[PDB]
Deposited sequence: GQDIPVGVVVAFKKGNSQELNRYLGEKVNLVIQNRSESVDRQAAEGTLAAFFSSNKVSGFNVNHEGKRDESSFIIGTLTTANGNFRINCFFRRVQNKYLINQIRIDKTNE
């Protein structure tokens, strides 16, 4: 339901490790602006985000599951905290990210 590797990747700010968990289409919602992009475009955007905001940690605060699944977590960075909501859908029995919301908190 919730890939350990995703949480590990966020904890390190490592987009390359997130890449294997990204679906082929990902809805990124950053500063309340929603864009839908392909896997490669998402991975680059996340690399930029982690490069802009040096990550110190990540903690999962809530998990939920729906037939789909999600985590609600707090990312600590050199520029302060962000709230991350990451949603997954099962593709061929593997959970893959289809939406990430990132808000500065």
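Of the deposited sequence, the ranges 1-2, 70, 109-110 have no C-alpha coordinates according to the record.
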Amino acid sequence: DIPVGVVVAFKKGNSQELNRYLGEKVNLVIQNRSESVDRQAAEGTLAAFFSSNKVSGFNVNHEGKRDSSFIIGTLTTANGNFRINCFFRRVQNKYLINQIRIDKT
From here on, numbers count along this sequence of modelled residues.
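For the two regions 87-95 and 10-18, the entry's Cα B-factors average higher over 87-95. Between 55-63 and 30-38, it is 30-38 that carries the larger average Cα temperature factor according to the deposited entry. Of all the options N79, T74, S68, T45, the entry's greatest CA B-factor is assigned to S68.
When the modelled residues of the chain are ordered by C-alpha B-factor, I100 sits in the lowest third.
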